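[1] Experimental structure and its sequence below.
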Amino acid sequence: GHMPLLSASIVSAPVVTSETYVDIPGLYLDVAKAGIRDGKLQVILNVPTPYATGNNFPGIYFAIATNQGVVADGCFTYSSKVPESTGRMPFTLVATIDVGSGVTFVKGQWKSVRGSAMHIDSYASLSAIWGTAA
Amino acid sequence: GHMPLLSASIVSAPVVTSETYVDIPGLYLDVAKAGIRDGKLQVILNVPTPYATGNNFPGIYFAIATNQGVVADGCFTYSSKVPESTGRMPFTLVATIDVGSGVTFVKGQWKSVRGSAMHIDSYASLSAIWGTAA
Amino acid sequence: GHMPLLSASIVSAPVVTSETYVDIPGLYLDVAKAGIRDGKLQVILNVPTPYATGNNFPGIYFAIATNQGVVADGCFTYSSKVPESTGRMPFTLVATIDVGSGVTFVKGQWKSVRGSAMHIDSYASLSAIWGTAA
Ligand SMILES: CC(=O)N[C@H]1[C@H](O[C@H]2[C@@H](O)[C@@H](CO)O[C@H](O[C@@H]3[C@H](O)[C@@H](O)[C@H](O)O[C@@H]3CO)[C@@H]2O)O[C@H](CO)[C@H](O)[C@@H]1O[C@@H]1O[C@H](CO)[C@H](O)[C@H](O)[C@H]1O[C@@H]1O[C@@H](C)[C@@H](O)[C@@H](O)[C@@H]1O
Ligand SMILES: CC(=O)N[C@H]1[C@H](O[C@H]2[C@@H](O)[C@@H](CO)O[C@H](O[C@@H]3[C@H](O)[C@@H](O)[C@H](O)O[C@@H]3CO)[C@@H]2O)O[C@H](CO)[C@H](O)[C@@H]1O[C@@H]1O[C@H](CO)[C@H](O)[C@H](O)[C@H]1O[C@@H]1O[C@@H](C)[C@@H](O)[C@@H](O)[C@@H]1O
Ligand SMILES: CC(=O)N[C@H]1[C@H](O[C@@H]2[C@@H](O)[C@@H](O)O[C@H](CO)[C@@H]2O)O[C@H](CO)[C@H](O)[C@@H]1O[C@@H]1O[C@H](CO)[C@H](O)[C@H](O)[C@H]1O[C@@H]1O[C@@H](C)[C@@H](O)[C@@H](O)[C@@H]1O
């Protein structure tokens, strides 16, 4: 159609620790397949129910990446060194990409805060709305 | 218009406890009334300042529902069994619905984590952007 | 173009305390410049990695404002009087503005919860998608 909305969603990912960004499997939008080659994409990475396990102020970094690498990043962290319980910390990240540059895909990634294990066990999404410059 | 944006917003809701999803009153989009019958809707449920009261790791589940039921859901929870103070835990949930299936409305819902009372006493919104497949 | 997306992003702001909303420098969209004069804007304020310092349940209020003042606001706050460590508390706020009113700009603002110092030291964005009424 003339006003493309892209969406991918997951309900889980294998629990891993990583010092550097690794893909969140399944949060991937094939932009080239959509025939988006010019304009802008507003991309939302929505991880509403994550938690992190660890023993030194745990948390998770998340990123929106294209084939050109990370475009935006943010994290949550707990406020106790060893939380009584690793509570659910909703996380949203929003970035606008110029597709002209040579973007063929957008994806979600994550990485450990201070050696934390990274947990998704319910709904998470990666969404993009296509538009133009003003 | 040719590029509809739907929006509903509230500033409060009666405080309730519920084991199962109940509507957040006022967070409701009448899609049929808009004449949306085909394409996709990106729906954001934005509850930026909620809190939960309770005695067993309190929190709130939130959902986006259509007439076909829940499409996505997430929660926040505290990281203490009995928080010193029930702090404000911003919550965002994003989902993309294919409208063809027979969607006439989109709404926000909530339900208790472990018997928590659910509090909204400031701005919350439900938004939707209409588009098409790629 | 015929389907504008507006975007502004920062990576930091001078740390300040403020009893009333002050601008988050750099989170500002010039809507008049875009030639948006009618329809709707869905505006997201995305502050994914903030923290607050203070000694009385710290937190930050955030707002979306136009030339007509604040349209929506929300806050995060910690659940301890003096957090062990001021953890990162992702914050998103979404609002839909009718541009006809006389809107020339949209901006993000913030203010202190109970005298908190307000910290941004990584990516934050302010985004807007243009549409029409249904
Ligand atoms: C609240 C929580 O984290 N629940 C976890 C649980 O954590 C337990 C520890 O916090 C523990 C230390 O003793 O105290 C509690 O458990 C005690 C007791 O030990 C237990 O035997 C007894 O039956 O209950 C008491 C209550 O005080 C904590 O509850 O760890 C286990 C790991 O085995 C689970 O992850 C549990 O997580 C929950 O599991 C549920 C199924 O029983 C269900 O799926 C819940 O949704 C899930 O909780 C959610 O995820 C958690 C990681 C957390 O984020 C919570 O806020 C979420 O609601
Ligand atoms: C977790 C944290 O807050 N890290 C801050 C750090 O805070 C230290 C203090 O909080 C301290 C008590 O006041 O506890 C720890 O430090 C102890 C000890 O006191 C210290 O001397 C020793 O080296 O380590 C131990 C560990 O128990 C806290 O670590 O203060 C420093 C210096 O001022 C930093 O801000 C640190 O922030 C981290 O800094 C990193 C760069 O070195 C990096 O940039 C991290 O991203 C950043 O942490 C993040 O921001 C924090 C403010 C907090 O939000 C954390 O959750 C984030 O991950
Ligand atoms: C810090 C807080 O929660 N204040 C909140 C207070 O909570 C206390 C708690 O601090 C501690 O001492 O334990 C006792 C008993 O458990 C209380 O729970 O209770 C007060 C009395 O009802 C209020 O609820 C107070 O809430 C604040 O009230 C002021 C005006 O009185 C403003 O309206 C604040 O905005 C409001 O704080 C906001 O909501 C509270 C629930 C919390 O989310 C704060 O982080 C938040 O800023």
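    Cool, the structure landed. Numbering: from 1, shown residues only, chains lettered A, B, ... in the order given. Ligands and ions are numbered 1, 2, ... in the order given.

[2] next SSE after the strand or helix carrying residue A:95?
    Secondary structure assignment for residue A:95, by DSSP states H and E: strand A:91-98. Next in sequence after strand A:91-98, counting helices and strands by DSSP H and E, comes strand A:105-113.

[3] and that following strand, how far out from the chain's middle?
    Remark: strand A:105-113 is offset 5 Å from the chain centroid, using CA atoms, centre = their mean, to the nearest Å.

[4] check whether it contacts chain B.
    No - Strand A:105-113 stays clear of chain B (CB under 8 Å from any CB of the partner chain), getting no nearer than 12.2 Å. The C-beta positions use only the backbone N, C-alpha and C, and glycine is treated the same way.

[5] other SSEs contacting that strand?
    On a contact count with 3 or more CB pairs under 8 Å, 6 or more residues apart in numbering or on different chains; DSSP states H and E, strand A:105-113 meets strand A:22-30, helix A:31-34, strand A:40-47, strand A:59-66, strand A:69-77, strand A:117-119, strand A:124-131.

[6] Residues touching the fourth one, excluding its own?
    The reference is to strand A:59-66. Here strand A:59-66 makes contact (CB atoms under 8 Å, 6 or more residues apart in numbering or on different chains) with A:21, A:24, A:43, A:45, A:47, A:50, A:52, A:70-78, A:89, A:91, A:93, A:95, A:97, A:101, A:103-114, A:116, A:118, A:126, C:48, C:87-88.

[7] swap the cut-off to 7 Å and go again
    Here strand A:59-66 makes contact (CB atoms under 7 Å, 6 or more residues apart in numbering or on different chains) with A:21, A:43, A:45, A:47, A:50, A:52, A:70-78, A:91, A:93, A:95, A:97, A:103, A:105-111, A:113, A:116, A:118, C:88.

[8] Using CSV, list the CA coordinates for that strand.
    In CSV, the C-alpha atoms belonging to strand A:59-66 read as follows (Å, rounded to 0.1, in the frame of the first residue of the first chain):
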residue,chain,number,x,y,z
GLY,A,59,19.8,-3.8,33.9
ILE,A,60,19.6,-4.1,30.1
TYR,A,61,20.7,-1.8,27.3
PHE,A,62,18.6,-1.8,24.2
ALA,A,63,19.3,-0.4,20.8
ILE,A,64,17.6,0.2,17.4
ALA,A,65,20.2,-0.8,14.7
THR,A,66,20.2,-0.6,10.8
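
[9] Contact partners for the residue nearest in space to the middle of chain A?
    With distances taken as CA atoms, centre = their mean, residue A:108 lies nearest the centre of chain A, 3.3 Å away. Residues near residue A:108 by CB under 7 Å, 6+ apart: A:24, A:27, A:45, A:62, A:64, A:126.

[10] go with 10 Å
    When contacts are counted by CB atoms under 10 Å, 6 or more residues apart in numbering or on different chains, residue A:108 touches A:8, A:10, A:13, A:21, A:23-29, A:43, A:45-47, A:62-65, A:93, A:120, A:124-126.

[11] how far away is it from residue B:28?
    As for residue A:108, its distance to residue B:28 is 30 Å (criterion: CB to CB, to the nearest Å).

[12] Equivalent analysis for residue A:50, please.
    As judged by CB to CB, residue A:50 and residue B:28 stand 28 Å apart.

[13] Which one's more surrounded, these two?
    Between residue A:50 and residue B:28, counting by other CB atoms under 10 Å in any protein chain shown, residue A:50 is the more crowded of the two (24 against 16).

[14] circling back: now the helices and strands packed on strand A:105-113 in a markdown table, please, with extra columns for distance to ligand 1.
    Shown next, in a markdown table, are the helices and strands packed on strand A:105-113 (distance: least, CB to the nearest ligand atom, whole Å):
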| stretch | distance to ligand 1 |
| --- | --- |
| strand A:22-30 | 18 |
| helix A:31-34 | 34 |
| strand A:40-47 | 13 |
| strand A:59-66 | 13 |
| strand A:69-77 | 12 |
| strand A:117-119 | 7 |
| strand A:124-131 | 15 |
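
[15] Quick one: residues contacting the residue in chain A positioned nearest to ligand 3.
    Taking CB to the nearest ligand atom as the measure, chain A has residue A:79 as its residue closest to ligand 3, at 12.8 Å. Residue A:79 makes contacts with A:57, B:79, B:87, C:51, C:58, C:78-80, C:82-89, as judged by CB under 10 Å, 6+ apart.

[16] Any quick PyMOL command for the buried ones out of the residues you listed?
    This is the PyMOL syntax for the buried subset of the contacts of residue A:79, where burial follows 16 or more other CB atoms under 10 Å in any protein chain shown:
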select buried, (chain A and resi 57) or (chain B and resi 79+87) or (chain C and resi 51+58+78+79+80+83+86+87+88+89)
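
[17] Spell out which residues of chain A are next to ligand 2.
    Applying CB under 6 Å from any ligand atom, one finds that chain A approaches ligand 2 through A:57, A:59, A:77, A:81, A:113.

[18] got TSV for the residues you listed, with distance to residue A:3 too?
    Shown next, in TSV, are those (distance: CB to CB, whole Å):
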residue	distance to residue A:3
A:57	43
A:59	37
A:77	38
A:81	48
A:113	38
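
[19] which one among those residues gets closest to chain C?
    The nearest member of the residues of chain A next to ligand 2 to chain C, counting by CB to the nearest CB, is residue A:77 at 4.2 Å.

[20] That closest one reaches residue A:87, doesn't it?
    No - counting by CB atoms under 10 Å, residue A:87 is not a contact partner of residue A:77; they are 11.8 Å apart.

[21] Please determine whether stretch A:13-23 lies in contact with chain C.
    No - Stretch A:13-23 does not reach chain C (CB under 10 Å from any CB of the partner chain); its nearest approach is 13.7 Å.

[22] That'll do, ta.
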